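**Q** Pasting the sequence and an experimental structure:
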Amino acid sequence: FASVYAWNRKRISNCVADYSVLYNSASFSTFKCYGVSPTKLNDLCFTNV
Amino acid sequence: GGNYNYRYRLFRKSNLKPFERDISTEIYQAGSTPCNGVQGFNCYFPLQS
């Protein structure tokens, strides 16, 4: 990765994105978002993520 | 001094029906997590003055 002062930015669009794997993955400890409900990311459909 | 004593139900589990009085007061679930009677985050007050 890069340090926080030079944080890495990536674009995601025009794809079908799997968020369930990220949520259920035990490697990740913090999935902590509240304005976005952690369970229905697949429901949340947007553009230019 | 203000008549803020009047209060109206703002948050309900679902829609009411014709001729239903609502006096029950409970912590309202504003997210995808249990509330357990604590008004912190994602758990709000049903009524507003």
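**A** Cool, got the structure. Numbering: from 1, shown residues only, chains lettered A, B, ... in the order given.
**Q** and chain B, which residues reach chain A?
**A** Taking Cβ under 8 Å from any Cβ of the partner chain as the contact definition, chain B meets chain A at B:31, B:32, B:41, B:42. Bear in mind the C-beta positions are built from the backbone N, C-alpha and C, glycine included.
**Q** What residue in chain A comes nearest to chain B?
**A** residue A:37 (4.9 Å; Cβ to the nearest Cβ).
**Q** who are the neighbours in contact with that residue?
**A** Shown in contact with residue A:37 (Cβ atoms under 8 Å, 6 or more residues apart in numbering or on different chains): A:44, B:31, B:32.
**Q** What is the neighbour count of the residue of chain B found nearest chain A?
**A** At 4.9 Å from chain A, residue B:32 is the closest residue in chain B, using Cβ to the nearest Cβ. Other residues within reach of residue B:32, judged by other Cβ atoms under 10 Å in any protein chain shown, total 11.
**Q** do you know how far it is from residue A:13?
**A** According to Cβ to Cβ, to the nearest Å, residue B:32 stands 26 Å off from residue A:13.
**Q** Tally up the residues packed near residue B:9, please.
**A** Residue B:9 has 15 neighbours, counted by other Cβ under 10 Å.
**Q** wait, it sits on residue B:46?
**A** Yes. Using Cβ atoms under 8 Å, residue B:9 is in contact with residue B:46, at 5.6 Å.
**Q** returning to that earlier point: and the residues of chain B next to chain A, which two are furthest apart?
**A** B:32 and B:41 (12.2 Å; Cβ to Cβ).
**Q** hang on, the earlier thing: chain neighbours aside, what residue packs nearest to the residue of chain B closest to chain A?
**A** residue A:37 (4.9 Å; Cβ to Cβ, 6 or more residues apart in numbering or on different chains).
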